[PDB]
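Chemist: First the structure, which I've put down as structure tokens, then a few questions once you've had a look.
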Amino acid sequence: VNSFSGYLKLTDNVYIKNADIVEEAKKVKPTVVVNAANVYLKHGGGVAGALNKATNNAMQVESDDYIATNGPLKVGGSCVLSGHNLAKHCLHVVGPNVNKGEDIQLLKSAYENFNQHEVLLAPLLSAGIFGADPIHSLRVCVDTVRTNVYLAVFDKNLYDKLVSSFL
Ligand SMILES: O=C(O)Cn1nc(C(F)(F)F)c2c1CCCC2
């Protein structure tokens, strides 16, 4: 049993809810929240801008030190950093950004990072400001992640639609 509440069950391991990932993280304080990161860990908007704002910019400060030491992530890659006031840990995962021309095949590689964590609160990778089809992102998630993932869809139409059209 875990603390997640109100989710619709899609598969053995994937759950979904219409939610503001920030408000959900604050309520649950999960072990892992996933950030929709870019390779520079520049958290300006969408999930990253919203998560970072909720940390009062402490996520950005920590991220800038990470990049200064390690250099940029790979598209499809990830790093584990603090969850600050939102979670124990934040898994920063870089899905491909269609609005930068990145290979959508890298979305599967991005989701494979989730398998290193038993339970996660996450957004749909490459949805929102990253420019991929969220229906596709959910399919890749279901077909890639084997650990237990609790998905936060920001848009109500998209929440109702992802459940309405799920195979
Ligand atoms: O709903 C989400 O979680 C991210 N997300 N994803 C989309 C998308 F449909 F992919 F464009 C949209 C949003 C929110 C804003 C409306 C359109």
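Chain lettering (A, B, ...) mirrors the order of the structure tokens, residue numbering begins at 1 for each chain separately, and ligand numbering begins at 1 in order of display.
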Within 10 Å of ligand 1, which residues of chain A show up? Give each one with its shortest atom-to-atom distance in Å (one decimal) and the two atoms involved, counting only C-alpha atoms and all ligand atoms, rows by chain then rising residue number, as CSV.

Modeler:
```
residue,atom,partner,partner_atom_place_in_ligand_line,distance
A:17,CA,ligand 1,3 (O),9.9
A:18,CA,ligand 1,3 (O),8.2
A:19,CA,ligand 1,3 (O),8.2
A:20,CA,ligand 1,3 (O),8.2
A:21,CA,ligand 1,3 (O),8.5
A:46,CA,ligand 1,4 (C),7.8
A:47,CA,ligand 1,3 (O),8.2
A:122,CA,ligand 1,3 (O),9.7
A:123,CA,ligand 1,3 (O),6.1
A:124,CA,ligand 1,3 (O),6.3
A:125,CA,ligand 1,4 (C),8.9
A:126,CA,ligand 1,10 (F),7.6
A:127,CA,ligand 1,10 (F),4.2
A:128,CA,ligand 1,6 (N),3.3
A:129,CA,ligand 1,11 (F),7.0
A:130,CA,ligand 1,10 (F),7.8
A:131,CA,ligand 1,10 (F),6.2
A:132,CA,ligand 1,10 (F),5.8
A:133,CA,ligand 1,10 (F),5.1
A:134,CA,ligand 1,10 (F),4.6
A:135,CA,ligand 1,10 (F),7.9
A:136,CA,ligand 1,10 (F),9.4
A:137,CA,ligand 1,10 (F),8.7
A:151,CA,ligand 1,3 (O),8.8
A:152,CA,ligand 1,3 (O),6.3
A:153,CA,ligand 1,3 (O),3.6
A:154,CA,ligand 1,3 (O),3.6
A:155,CA,ligand 1,1 (O),3.8
A:156,CA,ligand 1,1 (O),7.2
A:157,CA,ligand 1,1 (O),8.2
A:158,CA,ligand 1,1 (O),5.8
A:159,CA,ligand 1,1 (O),7.0
A:161,CA,ligand 1,9 (F),9.9
A:162,CA,ligand 1,1 (O),9.8
```

Chemist: Please build the interface table for segment 50-113 of chain A against segment 27-30 of chain A with a cut-off of 8 Å, listing for each qualifying residue the nearest atom pair and the distance in Å to one decimal; count only C-alpha atoms, order rows by chain and increasing number, and write it as a tab-separated table.

Modeler:
```
residue	atom	partner	partner_atom	distance
A:85	CA	A:29	CA	7.9
A:86	CA	A:29	CA	5.6
A:87	CA	A:29	CA	4.5
A:88	CA	A:30	CA	6.6
```

Chemist: Could the residues in this selection be written to a file with N, CA, C and O atoms, as a CSV table (one decimal), in the first residue's frame?

Modeler:
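And here is the file that came out, result_0.csv:
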```
chain,number,residue,atom,x,y,z
A,85,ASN,N,11.5,20.4,-0.9
A,85,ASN,CA,10.2,20.4,-0.2
A,85,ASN,C,9.2,19.6,-0.9
A,85,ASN,O,8.0,19.5,-0.3
A,86,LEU,N,9.5,19.0,-2.0
A,86,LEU,CA,8.4,18.3,-2.7
A,86,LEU,C,8.5,16.8,-2.6
A,86,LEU,O,7.4,16.1,-2.9
A,87,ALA,N,9.6,16.2,-2.4
A,87,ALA,CA,9.8,14.8,-2.5
A,87,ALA,C,11.2,14.4,-1.8
A,87,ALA,O,12.0,15.4,-1.6
A,88,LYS,N,11.4,13.2,-1.6
A,88,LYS,CA,12.8,12.9,-1.1
A,88,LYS,C,13.8,13.2,-2.2
A,88,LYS,O,14.8,13.9,-2.0
```

Chemist: Could you list, as a PyMOL selection string, every residue within 9 Å of residue 55 of chain A, counting only C-alpha atoms and ignoring same-chain residues fewer than 3 positions away?

Modeler: chain A and resi 50-52+58-60+83-86

Chemist: For C-alpha atoms, I'd like the residues from the last selection saved as a PDB file, in the first residue's frame.

Modeler:
```pdb
ATOM      1  CA  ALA A  50       6.506  24.941 -11.841  1.00  0.00           C
ATOM      2  CA  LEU A  51       8.503  22.447  -9.714  1.00  0.00           C
ATOM      3  CA  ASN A  52      11.422  24.852  -9.432  1.00  0.00           C
ATOM      4  CA  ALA A  58      16.520  25.893  -4.677  1.00  0.00           C
ATOM      5  CA  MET A  59      16.107  23.250  -7.432  1.00  0.00           C
ATOM      6  CA  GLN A  60      17.744  25.664  -9.940  1.00  0.00           C
ATOM      7  CA  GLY A  83      13.439  16.651  -4.026  1.00  0.00           C
ATOM      8  CA  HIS A  84      13.667  19.731  -1.772  1.00  0.00           C
ATOM      9  CA  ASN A  85      10.250  20.412  -0.164  1.00  0.00           C
ATOM     10  CA  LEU A  86       8.407  18.283  -2.750  1.00  0.00           C
TER      11      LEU A  86
END
```

Chemist: In Å, with one decimal, what is the gap from atom CA of residue 93 of chain A to atom CA of residue 112 of chain A?

Modeler: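 These atoms are spaced 9.8 Å apart.
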
Chemist: If you count only C-alpha atoms, which residues fall within 9 Å of residue 95 of chain A, apart from same-chain ones fewer than 4 positions away, as a list in words?

Modeler: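 So, after excluding close chain neighbours, the residues are residues 36, 37, 38, 75, 76, 77, 102, 104, 106, 107, 108, 109, 110, 111, 125, 126, 127 and 130 of chain A.
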
Chemist: Can you write just those residues out, N, CA, C and O atoms, as a short mmCIF file (atom, residue, chain, number, x, y, z; two decimals), in the first residue's frame?

Modeler:
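again_19.cif was written with the following content:
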```
data_model
loop_
_atom_site.label_atom_id
_atom_site.label_comp_id
_atom_site.auth_asym_id
_atom_site.auth_seq_id
_atom_site.Cartn_x
_atom_site.Cartn_y
_atom_site.Cartn_z
N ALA A 36 10.34 17.00 -15.78
CA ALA A 36 10.48 17.11 -17.25
C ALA A 36 11.61 18.08 -17.55
O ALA A 36 11.39 19.26 -17.87
N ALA A 37 12.83 17.59 -17.44
CA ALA A 37 14.03 18.41 -17.55
C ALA A 37 14.46 18.57 -18.99
O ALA A 37 14.13 17.82 -19.87
N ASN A 38 15.34 19.58 -19.20
CA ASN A 38 16.18 19.69 -20.39
C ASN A 38 17.62 19.37 -20.02
O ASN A 38 17.97 19.25 -18.86
N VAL A 75 19.99 13.78 -24.05
CA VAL A 75 18.57 13.56 -24.37
C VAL A 75 18.30 12.08 -24.19
O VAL A 75 19.02 11.24 -24.74
N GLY A 76 17.28 11.73 -23.39
CA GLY A 76 17.00 10.34 -23.00
C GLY A 76 17.60 10.01 -21.66
O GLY A 76 17.31 8.90 -21.15
N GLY A 77 18.45 10.85 -21.10
CA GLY A 77 19.12 10.57 -19.83
C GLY A 77 18.48 11.22 -18.63
O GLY A 77 17.40 11.82 -18.74
N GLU A 102 14.39 16.79 -31.92
CA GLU A 102 14.99 15.57 -31.30
C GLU A 102 14.20 14.31 -31.65
O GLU A 102 12.96 14.36 -31.75
N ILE A 104 12.13 11.22 -31.59
CA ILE A 104 11.04 10.71 -30.71
C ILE A 104 11.38 9.31 -30.20
O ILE A 104 10.82 8.98 -29.13
N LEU A 106 13.84 8.51 -28.75
CA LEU A 106 14.56 8.70 -27.49
C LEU A 106 13.56 8.76 -26.34
O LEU A 106 13.97 8.67 -25.23
N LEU A 107 12.26 8.83 -26.64
CA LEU A 107 11.28 8.84 -25.56
C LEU A 107 11.31 7.52 -24.77
O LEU A 107 11.17 7.52 -23.56
N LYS A 108 11.50 6.40 -25.47
CA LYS A 108 11.57 5.10 -24.78
C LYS A 108 12.78 5.09 -23.85
O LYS A 108 12.66 4.69 -22.70
N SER A 109 13.93 5.55 -24.34
CA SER A 109 15.15 5.62 -23.50
C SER A 109 14.89 6.49 -22.25
O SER A 109 15.32 6.15 -21.17
N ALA A 110 14.18 7.61 -22.43
CA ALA A 110 13.86 8.50 -21.31
C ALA A 110 13.06 7.73 -20.26
O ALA A 110 13.34 7.81 -19.09
N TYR A 111 12.01 7.04 -20.70
CA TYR A 111 11.16 6.31 -19.74
C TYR A 111 11.93 5.17 -19.07
O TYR A 111 11.60 4.81 -17.95
N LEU A 125 6.28 12.28 -20.20
CA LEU A 125 7.51 12.81 -20.79
C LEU A 125 7.24 13.29 -22.19
O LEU A 125 6.48 12.69 -22.98
N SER A 126 7.81 14.47 -22.46
CA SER A 126 7.72 15.18 -23.76
C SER A 126 6.33 15.76 -24.03
O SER A 126 6.14 16.33 -25.10
N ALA A 127 5.42 15.72 -23.06
CA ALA A 127 4.11 16.39 -23.24
C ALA A 127 4.22 17.89 -22.89
O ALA A 127 5.31 18.41 -22.60
N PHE A 130 7.14 20.42 -24.45
CA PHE A 130 8.13 19.63 -25.22
C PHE A 130 7.64 19.21 -26.62
O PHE A 130 8.44 18.69 -27.38
#
```

Chemist: Taking only segment 25-115 of chain A into account, list the residues labelled strand (DSSP E) by DSSP (computed from the backbone), as a PyMOL selection string.

Modeler: chain A and resi 32-36+78-82+89-93

Chemist: Can you work out which one of A:94, A:10, A:138, A:25 has the shortest atom-to-atom distance to residue 42 of chain A, counting only C-alpha atoms?

Modeler: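 Using only C-alpha atoms, residue 42 of chain A sits closest to A:94.
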
Chemist: Would you mind writing down, as a VMD selection string, each residue of segment 2-80 of chain A that DSSP on the backbone assigns to helix (DSSP H, G or I)?

Modeler: chain A and resid 21 to 28 46 to 54 58 to 70

Chemist: Pick from A:61, A:141, A:1, A:41: nearest to residue 74 of chain A, with only C-alpha atoms counted?

Modeler: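 Distance minimum relative to residue 74 of chain A lands on A:41.
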
Chemist: Let me make sure I understand: among A:120, A:98, A:67, A:140, which one has the smallest atom-to-atom distance to residue 3 of chain A if we use only C-alpha atoms?

Modeler: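 Going through A:120, A:98, A:67, A:140 one by one, the smallest distance to residue 3 of chain A is for A:120.
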
Chemist: Neighbouring residues of residue 91 of chain A were defined as those with any atom within 6 Å, considering only C-alpha atoms; residues of the same chain fewer than 4 positions away were excluded. Please report them as an NGL selection string.

Modeler: :A and (34 or 79-80)

Chemist: Which residues come within 12 Å of residue 13 of chain A, counting only C-alpha atoms, excluding same-chain residues fewer than 3 positions away, as a list in words?

Modeler: residues 7, 8, 9, 10, 16, 114, 115, 118, 119, 120, 141, 142, 143, 144, 145, 146, 147, 148, 149, 150 and 151 of chain A
